[PDB]
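Basis for what follows: all heavy atoms, side chains included, without hydrogens, waters or symmetry-related copies. The first residue in the sequence is number 1, and the count goes up from there. Atoms within each ligand, like the ligands themselves, are counted from 1 in listed order.
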Amino acid sequence: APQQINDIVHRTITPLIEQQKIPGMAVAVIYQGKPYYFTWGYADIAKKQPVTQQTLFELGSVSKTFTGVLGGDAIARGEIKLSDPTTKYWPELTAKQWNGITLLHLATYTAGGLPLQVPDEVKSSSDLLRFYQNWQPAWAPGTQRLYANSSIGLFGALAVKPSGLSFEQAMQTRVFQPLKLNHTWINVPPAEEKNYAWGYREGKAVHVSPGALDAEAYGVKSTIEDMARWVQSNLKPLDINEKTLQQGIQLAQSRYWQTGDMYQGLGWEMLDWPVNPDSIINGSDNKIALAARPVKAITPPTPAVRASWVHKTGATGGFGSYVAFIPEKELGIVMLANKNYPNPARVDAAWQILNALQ
Ligand SMILES: CCc1c(C)[nH]n(-c2nnn[nH]2)c1=O
């Protein structure tokens with residue numbers, strides 16, 4: 001790597017790893033389009049397996065960016081529209097509260113207070129129907145944003161219905177394969193188990209537990225190399241040769257709602273660059289609370305803004321991930337760790353690195 005990149009990354013990440021007691025970490029910096037990789041520590045402490053460029057990490061909620069793009073691709077294919085009522089694709093959802101709740105609301109956490117998590121008690125698909133039928137919105141559709149797995153999770157499941165593909169088959173065939181993400185998985189195959197890092201929570205080795213709508217909301221596992229390629233793809237969608245996928249990426253970065261300084265896309269979240277680091281790290285957008293926030297509709301949605309800080313944080317019980325990029329600068333970062341450590345620390349490190357290189 002160029003010495004500037006080497007220096008900025010190591011001087012930022014080394015103290016981070018120390019301060020946060022992170023067992024293993026992989027970092028990719030995309031600079032002028034090209035990827036540079038950095039690894040530290042352990043994928044498996046007990047078996048003394050190092051983190052490599054081939055190590056799989058649980059992305060947690062960074063998975064929502066894949067779901068958002070897959071949904072965008074389905075829009076481009078003419079299979080779904082974000083203006084469609086939810087009931088068009090799940091007509092068994094007959095309870096009145098669903099009148100006026102569209103696929104847009106589901107994708108953008110604006111349905112009226114769908115809960116953060118699907119209850120673990122929800123095990124079957126009749127359990128799932130009951131859950132959504134019985135849910136009572138706190139607010140009218142399109143008035144408040146409440147970050148929710150049960151919201152975008154449902155969007156993902158419904159978005160693939162017309163295709164007749166399972167969510168996993170659709171994601172594999174329409175997103176992973178075309179982008180040559182050959183080591184990115186919703187379900188880790190036995191062949192790849194040697195590469196699957198353990199997460200660490202309170203000193204224990206843990207992997208994500210199965211749950212309803214897990215694939216759609218938090219279920220993807222990936223390598224630092226594939227995640228670098230994912231960032232590249234989202235930085236420059238015009239290089240993508242599959243028409244609907246190029247267009248799906250663009251739709252995922254459209255600005256649908258505004259809360260404070262943040263704009264809600266499909267999976268991706270955006271702020272205008274230059275960004276004041278404070279907001280994302282400290283004020284209202286730092287993600288330590290669970291926050292209900294009134295939204296302003298962007299009517300119509302603003303197409304992908306090049307001068308944006310586009311990002312997504314992600315966690316599982318044992319993993320902490322972060323992705324951020326600035327399209328106008330051809331600049332990006334991926335940080336994958338096998339410990340769930342505070343979001344503000346992620347954002348700070350990412351800003352510190354990207355700011356120095358921009
Ligand atoms: C997205 C909600 C969630 C988090 C943050 N962790 N987690 C989990 N970890 N292991 N099994 N489930 C979850 O299901």
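- Here the options are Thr316, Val220, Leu336, the test is side-chain contact (heavy atoms from CB on, under 4.5 Å), and the partner is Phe57; only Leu336 passes.
- Closest heavy-atom contact between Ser321 and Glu58: OG-O, 3.3 Å.
- When hydrogens are left out, the protein atom nearest atom 2 (C) of ligand 1 is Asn149 ND2, 3.7 Å; that is the closest non-hydrogen contact.
- Scanning the protein for heavy atoms near atom 13 (C) of ligand 1, the closest one is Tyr218 CE1, 4.2 Å.
- Between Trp309 and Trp351, the two ring planes are tilted [angle within 30° to 60°].
- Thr143 places none of its side-chain heavy atoms less than 4.5 Å from the side chain of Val295.
- For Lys81 and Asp84, the salt-bridge test passes: some basic side-chain N is under 4.0 Å from an acidic carboxylate O.
- Of all protein heavy atoms, the one lying nearest to atom 12 (N) of ligand 1 is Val208 CG2, 3.7 Å.
- Shown in contact with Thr316 at under 4.0 Å from a heavy atom are these atoms of ligand 1, numbered in order with element: 6 (N), 9 (N).
- The shortest heavy-atom distance from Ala315 to ligand 1 is under 4.0 Å.
- A cation-pi contact, defined as under 6.0 Å to the ring centre and within 45° of the axis, links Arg255 to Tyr263.
- The nearest heavy-atom contact from the protein to atom 7 (N) of ligand 1 is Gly317 N, 4.0 Å.
- Some N or O of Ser209 is nearer than 3.5 Å to an N or O of ligand 1, by distance alone.
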